[PDB]
Structures are given as structure tokens and as C-alpha cells.
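Data first, discussion second: the structure below is written as C-alpha cells.
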Amino acid sequence: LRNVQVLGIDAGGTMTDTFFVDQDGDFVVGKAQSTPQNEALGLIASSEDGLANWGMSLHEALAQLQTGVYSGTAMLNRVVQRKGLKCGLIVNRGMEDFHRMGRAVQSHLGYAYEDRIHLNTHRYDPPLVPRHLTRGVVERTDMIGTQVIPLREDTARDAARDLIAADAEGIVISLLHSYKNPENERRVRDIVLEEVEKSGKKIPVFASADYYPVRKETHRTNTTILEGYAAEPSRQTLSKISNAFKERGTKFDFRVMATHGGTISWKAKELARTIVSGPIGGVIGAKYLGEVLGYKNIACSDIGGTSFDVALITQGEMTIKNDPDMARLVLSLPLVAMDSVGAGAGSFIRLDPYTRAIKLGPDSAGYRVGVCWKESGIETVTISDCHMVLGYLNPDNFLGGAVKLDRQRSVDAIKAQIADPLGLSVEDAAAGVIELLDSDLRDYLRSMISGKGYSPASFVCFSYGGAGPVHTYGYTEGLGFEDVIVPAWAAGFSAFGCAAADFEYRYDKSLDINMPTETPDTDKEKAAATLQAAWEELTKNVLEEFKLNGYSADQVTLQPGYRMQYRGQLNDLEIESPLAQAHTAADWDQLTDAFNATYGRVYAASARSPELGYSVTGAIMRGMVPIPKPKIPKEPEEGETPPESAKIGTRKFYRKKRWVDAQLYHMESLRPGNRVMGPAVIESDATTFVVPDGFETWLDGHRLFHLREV
Amino acid sequence: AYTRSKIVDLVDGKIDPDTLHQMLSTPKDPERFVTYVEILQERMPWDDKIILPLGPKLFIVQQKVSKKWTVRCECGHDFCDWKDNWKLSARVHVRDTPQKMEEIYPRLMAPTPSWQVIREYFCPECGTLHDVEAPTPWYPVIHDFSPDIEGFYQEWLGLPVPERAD
Ligand SMILES: [Zn+2]
């Protein structure tokens, strides 16, 4: 009957999403509460929920899966809320101060135009590693590996003993120019490792050269500190899940979504590569969906249990920043350009004791939804509690009614905490929280677009929080988007983007090819020979890892690329090779010509400085094998009047100081072409789509809805 | 716009960063001055009205009875009439030797006192340091600020000027 082949996953603060793709592209989606202390438990439960719609067992499916992609949010959250581990740092003696000085930069990282110049706005955050947990070793290696000041190994032994004594929970080692010559930094690491053995303590050590061998020491050290600070807690998670699944009969190695939009292996020790894996899942699904349906300019908007994630897909592509910042930290890993604000369905609603103003978040309730769920033990109300008071949520359909949500719990806790301290009704208490959030999310989405120089009418807005379809009206109202779309699978949209991700392996090797403009055709063939070699050395790496994953070389599609620049420069360009093979003089002329071409486009024709000569800085090799991508429905459209079968009664719905009996519709029972006039709520097992009075929706043949102002 | 207790925290150097950014990045609250000056008033131990703050512990003030405008310390000392330089009626310490400069600077980081002098200016009653100048030798005392108090209250604030004698 059915062969299930691809699985995507968003392990979130609230729900763990599963997205199953079968051989013909047909899919089904599962939801379960996360089990953040061991995400395997929720993964299994969600799998069994999704698979049960196909009347199929978790056992039977796992034997057929050919690949799966994991994405999540546990690590990213730990960084943002500075809830990492008491981590310590060893750097070169005399330069212990550089972490906490933040290279000056980090007193204005990610500032809008206006605050970049408003001087009194600049502010330093706490350093990831405080000064009393930094130490210094006496060593110095220069920009080409020469050891000017040899490592005085004694200072490394005291460095270790100091941080062991300080009860550090991990130790990071960053020595200048170690990417070039890691001898001294790896001796330090070994010496530290020795001292932790003697202490009996459980302290892991991170050499920056072992993780992020790249220039710019503030970037490298921040990124490496991330492995100690935030990655380590969720290090258990990918081996707990992978073990639980091979135990259960999977024959593949999981992949993870990584910061540049591509997948990497679950085995990699650089978990910081996988830190924005969940959000990037959503951006990739929206990218995929656009390609099928020709939407080239899409603004992505995701609302989860904890935050509101937002990115722009500009002419078919996402933007990837090279040496980016994130959470006001310089980092060495390539990142997809996104943005968020820390509010979601579970964000906690508190009143300033002195101002008596409402502050949403920044923390969330997570898989515990709020007070409305009796067994959650949550005492502070959450935005989800206002949903219940106002009639947004159905008390008896959280997770299909598998979860008991009591409205009167929400009403009593809203009154005591918010309504009565503010002299308002529970209706007006709840409606003012939702109204503030509506405007706060709306002004952010409008401004990230304004900032990048675009009008909202140049884009189509994909909305897919899983709790975002509850406020699509809110943050979109009057922005002037060309169209606003709620796809029917909105709740597992990132896990949708993960099952949609290309099966691709990438491999890199750096190089030192230096050519003047005027060169004889023998220096020119020598250069083409050495690049030609590196592609072959890389080509066997791509194919060798695809063999260990059960793929013969015939199924692998190969794409060579290289990195070039004018001779004296600091940054280079990736260039897709027009030739798969190089070799002969004129081909090296093609590779330079191609470079020149893109440099004109990337910058300006008159930026070109051929007279400086050329420098080839690396070589690249990509490897694609085919995979069932999720098939977007193409249903025949019918009448605008929806069937009587889809009516499920009404709920008391309160918006602008008014109560109305809002119709209830079963999402799956709606047909292509129907229309729904507000006030109405559209419900399925795990998505609630809110259309207040004053709005309208219609459904198309691709199970996409469309919000109109009306 | 801003809560009163939040403008207090701002005076006490204890305001939270969110509201500090809010105050900076958005249009100013027309009401600030009247809330501010009232916040300072209730923290003085003398009931004479404050007209304009000159420093953290220094004010232009309206004598409750005579209605004269004067410069006043927080402690009580009236220096002079408000149109005069208060520093002319204050006490001054001049750092003009390496020994005195090296009391507030490590050597080498101190200025050289044949080029630059530190002139500290104190209230006579409480020893409070209201202002420190850093000019050259010979350089006059500096009359920092001569405010157009009438126009401020009358044209920019929409307030009556406080009663005034000479
Ligand atoms: Zn005094």
C-alpha cells in the first residue's frame, strides 16, 4: 500500500511536530506536547498521532523511512534568555579582557538607524563569561603559524586549576591564530583535560580550533562559548532521539537544519550550527511552497508558544549573512536573515507593580499551556488564557480534545491577576492584552519591512505559527499585503519545511592560488591543475558519505564551486563553476571571467580591479540525491457557499467591546472555493483560524486560505 | 505619558532599561518638567519654590516671602541673585601642582598644571562639589548658564511666571 519515506520534525517549547511524506508526496502531520527533558518521548507520541491518520503504526513506518530531518528551539531559547551553563574561558595572557569588551560593536549590535546614531542608546549586555571565570596562558602565534612566544605550559596548568577550583561547568580555550597553527591551543586543551581528570570533576573542554577554525577572535570565541554555554544541555537530545529511533528500526542517519538553510549531520559536535534550526525550518517551507506556486516575494510570519518569527523571501531566495550578529553577539557561522519578538501563545501576562501596565513575557509556559489546563500547575495567566476568555480557543479541542482546557480557570485567574487590579471586566481584561499584542506584532512586522526598504504591498504574507493563524487578522490588518495566506498545514509548517529540505552534502577545502592578470599558459594550467585536484579530492568525499548512507554514485548529482577574489582582499565570493572539469588554460580563463561577471553584479561593473590579480581561496563540492518532496494539493474548485456539513455551531466571541455568536467551521470539511464571512473560527485537530467580524476568508485548490480585509 | 514613579527612578539613577530606551527613542513627554521639578521639591528640607534645577544639588529658587530669585544649594545656602555667577560667591580648590593632581590621577595620566588646572567649586556650608572646571592658568571663572526663565515658563510651557522681586 503506502511507503513512508521522509520525516521532518520541529521540537519546540510547546509542541513537537512530525511531518511524514510518502512515496507519491502525500503527507500527514502529528502533534504532541514536548518532553523537553527527553524529546524522544514527545517525538514518539507525535509520530504515533500523525501516523494514526494513515491507519499505520510507528513500527511499520520506521522500517521504510529513507531520511529524516530534525529541527528544534531548545538551544536558541537558552541563549536568548541567558539560562546557559556557568562556563569559563582560557585565552592568551594579557588579553583576558577581550570577551567582556565586546569589541565595542556589541554596544549597538542590531540597532535601528535611529539608535545607531542616538549615542545614549548604546548599552552592553553582561558577558557570556564573566571576568572571574576567564584566565590567560602565555603563548603567542603570529598570522602564519610561527610561534613567536612558545607556550609556557605551566601557565596552562594554573589556568586549568583556577577554573576547576571556581567550579566551572565547561571550559573554552581560544588562542590567537590557532585556526592557522593549532599546536599550542591543542596542547593547552590536553593540559586542561589532564587537570580535570585529576580533579574528578565532570568538566568538558572546547578548543576553538576543534570547532570554529576561522579568523576574527571575538566571533570565534563567542561561537565556541556557545558550545559550552547553551549547546551542552541539548547535546543529549540528538543522541537520545537517534538511539531511540535506530533501536526502533530506522536505517538512516538524521540530519539537522543549520543556520545557512542547509542540512548537516546529527553527529556533528558543532551543535551551535543547529541553533536556529526551528525557525529556518519555517522559512524553507515557505520558500518551497512559493516555488511550487510562483510566489517569489514572501514575508514569513510564525507565532509559536514563545515567540513571533519573521523573515523575508526576496525573489525566490533567502538572505544569508556571513559574519552575522544574533542576540547582540558576533558569531562565525553563516546565518539566514530573520527576526522575532518574544511573544507567543504561552507568554506570561504580568502587571508592573508600580506602573500597573501589562508586560507580555518574555518567558513562556511552554507545553504547560497556562492556568486553563488544570494539571499544568501554572499559576500566572498566559495569552492562551485570554484566548479562552474571549472565545478564540475551543476548550474541548486543544490537540483534538486530548487535553482538558477549562475556561472558568482562565476567567478566575484573569480576574484576580489582571481584571480587578485594573478595575476592568474579565472580558476587557482579556481583550486589552490581545489588542496590545495585536498592535505590538503588527508594528514589528511593518517595521522590519520598512527597514529593509520594501513596501508590504510588494510581498505576500505566509502565516503559519501553529498559533499564528489566531492573530493573522491582528498583525496584518491594513498593512496592504498583496495577499495573506494561511496554509491548512500551518501548525507543523517548520516540520513541513524540514521534510521539504534537499538531501544535500557539501564539502570544502581552502587553497592558495595567486595569479597576476598577465600570466603564461603554464602557470595558468598549473593553477587549473591544483583546483582540479581539490574538486576530485572533494568529489570522492561527497560520494563516500553518500555510500555510507546507501546511495550509489549514479544517484548523486554533483555541482562544483570555488571562492575567488582580487589579490589583496579580505572577503571572497562563492562562484558556481560553469565547467565540471577545469584542466586547460582557457578554462582557467573561464573561471576568472565568471568571477569578474558576478563581481560586477554583486557590486558594480566599475568596482572591478583586474589589475590586482586574482586569488582562489577555496573549492566546494555539492551533492544532491532525489527525495519525495511534499506534494501541494491541486483540488478542483467548487461553489463559494460552504457545505452544511462544515457547520459546528457557534461560540461567544468578544472583540471591540462587543459579543457576537461566531460560526464554527470544520477545516477539513471545507471545500475549494468556499467563503467564510467573519465572525467565525475555523478549527481542525490542531489549528485555530480566527476571522473576526470585519474580515473574510476563502479557500483555494491548494488548501490555502486567503484573508481579505473586507 | 510616563508614570510618576518611573521619572523618580530616573532621578535616583535606578530606572529600568526598557523605559530608559522608551524615554530616549520616542517623542518627549511635554509634562516632564512640571513632574520633575515637583519630584525635586518634595525632596528639599525648605519649602521655598524651585524655579529651575542647576545641578543635582543646586537650584534657582523663589524666596517664599520676598519673592526674590536666588541660587541655592540643597542644604540651604543662598549664593547670590539668580542673574549672577554663583561660583563667584563659592569656595574654590585649585589643583596647580603635581602633588595635588596626583591625588585624583595616577602620575603620567594627570594633566600638567602649567598647562591645565583643576578648579573645584564647593558650597560654603556643606562642602558639596557643585562644579569642577579644567581651564588654563589666568582663565576667568565661567558663568555657565544664564537661562531665559520667563520665556521658558511663558512661551514653551504655557505657565505663569513665578512672582519676582529684585
Ligand atoms: Zn551647601
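In the C-alpha cells, chains take letters A, B, ... by order of appearance, with residues numbered from 1 within each chain and ligands from 1 in the order shown.
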
Please, which residues have at least one atom within 10 Å of an atom of ligand 1, using only C-alpha atoms and all ligand atoms, listed as a PyMOL selection string?
-> chain B and resi 57-58+72-79+90+122-130

Any chance you could export the current selection's N, CA, C and O atoms as an mmCIF file, in the first residue's frame?
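Done, and the output landed in selection.cif:
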```
data_model
loop_
_atom_site.group_PDB
_atom_site.id
_atom_site.type_symbol
_atom_site.label_atom_id
_atom_site.label_comp_id
_atom_site.auth_asym_id
_atom_site.auth_seq_id
_atom_site.Cartn_x
_atom_site.Cartn_y
_atom_site.Cartn_z
ATOM 1 N N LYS B 57 22.291 69.113 43.149
ATOM 2 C CA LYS B 57 22.197 69.723 44.479
ATOM 3 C C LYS B 57 22.225 71.255 44.394
ATOM 4 O O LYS B 57 22.728 71.928 45.312
ATOM 5 N N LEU B 58 21.683 71.820 43.305
ATOM 6 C CA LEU B 58 21.801 73.238 43.002
ATOM 7 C C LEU B 58 20.559 73.676 42.222
ATOM 8 O O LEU B 58 20.100 72.963 41.321
ATOM 9 N N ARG B 72 20.484 78.311 45.004
ATOM 10 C CA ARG B 72 20.534 77.678 46.308
ATOM 11 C C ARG B 72 21.077 76.254 46.218
ATOM 12 O O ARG B 72 20.777 75.512 45.274
ATOM 13 N N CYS B 73 21.891 75.893 47.207
ATOM 14 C CA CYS B 73 22.267 74.512 47.471
ATOM 15 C C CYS B 73 21.038 73.734 47.940
ATOM 16 O O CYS B 73 20.002 74.300 48.270
ATOM 17 N N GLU B 74 21.134 72.411 47.940
ATOM 18 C CA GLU B 74 20.059 71.637 48.557
ATOM 19 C C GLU B 74 20.024 71.832 50.073
ATOM 20 O O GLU B 74 18.953 71.747 50.684
ATOM 21 N N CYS B 75 21.186 72.073 50.695
ATOM 22 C CA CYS B 75 21.274 72.177 52.153
ATOM 23 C C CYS B 75 20.596 73.437 52.677
ATOM 24 O O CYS B 75 19.919 73.397 53.711
ATOM 25 N N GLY B 76 20.738 74.556 51.966
ATOM 26 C CA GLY B 76 20.049 75.778 52.341
ATOM 27 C C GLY B 76 20.730 77.054 51.883
ATOM 28 O O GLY B 76 20.081 78.093 51.731
ATOM 29 N N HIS B 77 22.024 76.978 51.621
ATOM 30 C CA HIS B 77 22.818 78.177 51.384
ATOM 31 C C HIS B 77 22.408 78.895 50.103
ATOM 32 O O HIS B 77 22.489 78.317 49.015
ATOM 33 N N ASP B 78 21.985 80.160 50.225
ATOM 34 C CA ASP B 78 21.794 81.024 49.057
ATOM 35 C C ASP B 78 23.139 81.660 48.669
ATOM 36 O O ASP B 78 23.794 82.295 49.492
ATOM 37 N N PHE B 79 23.543 81.506 47.412
ATOM 38 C CA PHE B 79 24.825 82.027 46.935
ATOM 39 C C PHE B 79 24.719 83.486 46.503
ATOM 40 O O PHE B 79 25.563 84.304 46.886
ATOM 41 N N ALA B 90 31.237 81.293 45.920
ATOM 42 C CA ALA B 90 31.513 79.958 46.429
ATOM 43 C C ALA B 90 32.968 79.867 46.909
ATOM 44 O O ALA B 90 33.744 80.826 46.823
ATOM 45 N N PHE B 122 32.941 74.536 45.760
ATOM 46 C CA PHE B 122 32.144 73.965 46.848
ATOM 47 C C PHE B 122 31.163 74.964 47.451
ATOM 48 O O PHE B 122 31.415 76.170 47.501
ATOM 49 N N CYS B 123 30.062 74.425 47.955
ATOM 50 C CA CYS B 123 29.166 75.182 48.806
ATOM 51 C C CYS B 123 29.865 75.480 50.126
ATOM 52 O O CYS B 123 30.642 74.652 50.613
ATOM 53 N N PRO B 124 29.647 76.663 50.705
ATOM 54 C CA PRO B 124 30.361 77.008 51.946
ATOM 55 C C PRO B 124 29.877 76.241 53.154
ATOM 56 O O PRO B 124 30.666 76.020 54.078
ATOM 57 N N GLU B 125 28.618 75.805 53.175
ATOM 58 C CA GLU B 125 28.055 75.185 54.369
ATOM 59 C C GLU B 125 28.223 73.663 54.394
ATOM 60 O O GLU B 125 28.458 73.087 55.463
ATOM 61 N N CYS B 126 28.099 72.989 53.246
ATOM 62 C CA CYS B 126 28.043 71.534 53.227
ATOM 63 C C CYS B 126 29.192 70.877 52.473
ATOM 64 O O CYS B 126 29.253 69.644 52.427
ATOM 65 N N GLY B 127 30.090 71.649 51.866
ATOM 66 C CA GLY B 127 31.217 71.056 51.180
ATOM 67 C C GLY B 127 30.867 70.309 49.921
ATOM 68 O O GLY B 127 31.690 69.541 49.414
ATOM 69 N N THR B 128 29.674 70.513 49.387
ATOM 70 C CA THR B 128 29.264 69.766 48.211
ATOM 71 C C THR B 128 29.956 70.331 46.978
ATOM 72 O O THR B 128 30.098 71.544 46.811
ATOM 73 N N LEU B 129 30.419 69.440 46.129
ATOM 74 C CA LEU B 129 31.108 69.826 44.913
ATOM 75 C C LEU B 129 30.074 70.039 43.816
ATOM 76 O O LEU B 129 29.599 69.081 43.199
ATOM 77 N N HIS B 130 29.750 71.298 43.539
ATOM 78 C CA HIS B 130 28.722 71.597 42.556
ATOM 79 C C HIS B 130 29.261 71.700 41.142
ATOM 80 O O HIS B 130 28.493 71.453 40.211
#
```

Residue list for chain B near chain A as a PyMOL selection string, 8 Å, only C-alpha atoms | chain B and resi 3+5-6+21+24-25

Neighbours of residue 68 of chain B within 7 Å (only C-alpha atoms; same-chain residues fewer than 6 positions away dropped), as a count of residues only?
-> 4

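Taking atom CA of residue 316 of chain A as the reference point, atom CA of residue 448 of chain A is found at 18.7 Å.
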
Could you give me the residues within segment 21-86 of chain B that DSSP places in helix (DSSP H, G or I), as JSON, numbers by chain?
-> {"B": [21, 22, 23, 24, 25, 32, 33, 34, 35, 36, 37, 38, 39, 40, 41, 86]}

Next, dump the selected residues to file, keeping only N, CA and C atoms, as a compact mmCIF listing (two decimals), in the first residue's frame.
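The resulting part32.txt:
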```
# COMPACT_ATOMS: atom_id res chain seq x y z
N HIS B 21 15.08 53.19 27.34
CA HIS B 21 15.06 53.22 25.89
C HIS B 21 13.79 53.89 25.37
N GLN B 22 12.65 53.60 26.01
CA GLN B 22 11.40 54.23 25.62
C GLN B 22 11.49 55.75 25.69
N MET B 23 12.01 56.27 26.82
CA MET B 23 12.20 57.71 27.01
C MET B 23 13.10 58.33 25.95
N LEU B 24 14.11 57.59 25.48
CA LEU B 24 15.08 58.14 24.54
C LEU B 24 14.57 58.08 23.12
N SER B 25 13.93 56.99 22.75
CA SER B 25 13.69 56.72 21.34
C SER B 25 12.37 57.27 20.82
N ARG B 32 7.07 66.56 31.36
CA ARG B 32 8.22 66.11 32.14
C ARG B 32 8.60 67.16 33.19
N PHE B 33 8.89 68.39 32.75
CA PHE B 33 9.46 69.40 33.64
C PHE B 33 8.63 69.61 34.91
N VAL B 34 7.30 69.75 34.76
CA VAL B 34 6.48 70.03 35.93
C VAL B 34 6.47 68.84 36.89
N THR B 35 6.51 67.60 36.35
CA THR B 35 6.59 66.41 37.22
C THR B 35 7.97 66.30 37.88
N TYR B 36 9.02 66.58 37.10
CA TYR B 36 10.39 66.55 37.58
C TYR B 36 10.59 67.53 38.72
N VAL B 37 10.31 68.81 38.47
CA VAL B 37 10.56 69.84 39.46
C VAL B 37 9.73 69.60 40.73
N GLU B 38 8.51 69.07 40.59
CA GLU B 38 7.75 68.73 41.79
C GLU B 38 8.41 67.57 42.53
N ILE B 39 9.00 66.61 41.80
CA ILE B 39 9.70 65.49 42.44
C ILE B 39 10.89 65.99 43.27
N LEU B 40 11.65 66.95 42.73
CA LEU B 40 12.74 67.57 43.46
C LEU B 40 12.23 68.35 44.66
N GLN B 41 11.12 69.07 44.50
CA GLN B 41 10.62 69.92 45.58
C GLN B 41 10.38 69.11 46.85
N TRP B 86 27.02 82.04 40.47
CA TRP B 86 27.08 81.51 41.83
C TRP B 86 28.52 81.24 42.24
```

What lies within 8 Å of residue 492 of chain A using only C-alpha atoms, ignoring chain neighbours under 5 positions off, as a PyMOL selection string?
-> chain A and resi 10+17-19+29-31+466

Atom CA of residue 44 of chain A and atom CA of residue 248 of chain A, how far apart in Å?
->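 Here the two named atoms are 10.3 Å from each other.
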
Identify, on the basis of only C-alpha atoms, every residue whose closest approach to segment 151-157 of chain B does not exceed 9 Å; exclude the query and any residue fewer than 3 positions from it along the same chain; express the result as a list in words.
-> residues 30, 31, 33, 147, 148, 160, 161 and 162 of chain B

Neighbours of residue 533 of chain A within 10 Å (only C-alpha atoms; same-chain residues fewer than 3 positions away dropped), as an MDAnalysis selection string?
-> chainID A and resid 527:530 536:539 581:583 619

Selected residues written out, C-alpha atoms, as a compact mmCIF listing (two decimals), in the first residue's frame:
```
# COMPACT_ATOMS: atom_id res chain seq x y z
CA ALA A 527 46.64 26.65 -11.23
CA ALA A 528 43.85 24.81 -13.04
CA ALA A 529 45.50 21.51 -12.14
CA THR A 530 45.58 22.16 -8.39
CA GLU A 536 38.39 15.47 -7.20
CA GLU A 537 39.52 15.10 -3.58
CA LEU A 538 36.26 16.71 -2.55
CA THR A 539 34.22 14.74 -5.12
CA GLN A 581 36.42 19.79 -15.01
CA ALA A 582 38.91 22.69 -15.46
CA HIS A 583 42.33 21.44 -16.75
CA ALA A 619 36.97 24.83 -3.51
```

Tell me, as a list in words, which residues lie within 10 Å of segment 112-118 of chain B, counting only C-alpha atoms; anything in the same chain fewer than 2 positions away does not count.
-> residues 92, 93, 94, 95, 96, 97, 98, 100, 101, 107, 108, 109, 110, 120, 121, 132, 133, 134, 135, 136, 137, 138 and 139 of chain B

Store the residues picked out above in a file with C-alpha atoms, as a short mmCIF file (atom, residue, chain, number, x, y, z; two decimals), in the first residue's frame.
```cif
data_model
loop_
_atom_site.label_atom_id
_atom_site.label_comp_id
_atom_site.auth_asym_id
_atom_site.auth_seq_id
_atom_site.Cartn_x
_atom_site.Cartn_y
_atom_site.Cartn_z
CA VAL B 92 37.36 77.06 45.33
CA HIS B 93 40.20 74.50 45.47
CA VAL B 94 42.82 74.84 42.72
CA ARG B 95 44.96 71.83 41.73
CA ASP B 96 48.07 73.58 40.38
CA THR B 97 50.87 71.21 41.47
CA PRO B 98 51.85 67.62 40.55
CA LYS B 100 47.58 67.76 44.08
CA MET B 101 46.93 66.39 40.57
CA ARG B 107 51.07 60.24 37.61
CA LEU B 108 51.50 60.45 33.81
CA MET B 109 47.67 60.36 33.44
CA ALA B 110 47.40 63.67 35.33
CA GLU B 120 36.84 72.61 42.26
CA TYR B 121 33.87 74.70 43.50
CA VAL B 132 34.79 71.41 38.54
CA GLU B 133 36.47 73.48 35.77
CA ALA B 134 39.59 72.49 33.80
CA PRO B 135 40.96 75.71 32.21
CA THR B 136 44.43 77.18 31.84
CA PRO B 137 46.19 79.47 34.28
CA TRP B 138 44.75 83.03 34.23
CA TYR B 139 41.45 81.92 32.73
#
```

For the atom pair atom CA of residue 374 of chain A and atom CA of residue 401 of chain A, what is the interatomic distance in Å to one decimal place?
->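 Taking atom CA of residue 374 of chain A as the start and atom CA of residue 401 of chain A as the end point, the length is 14.1 Å.
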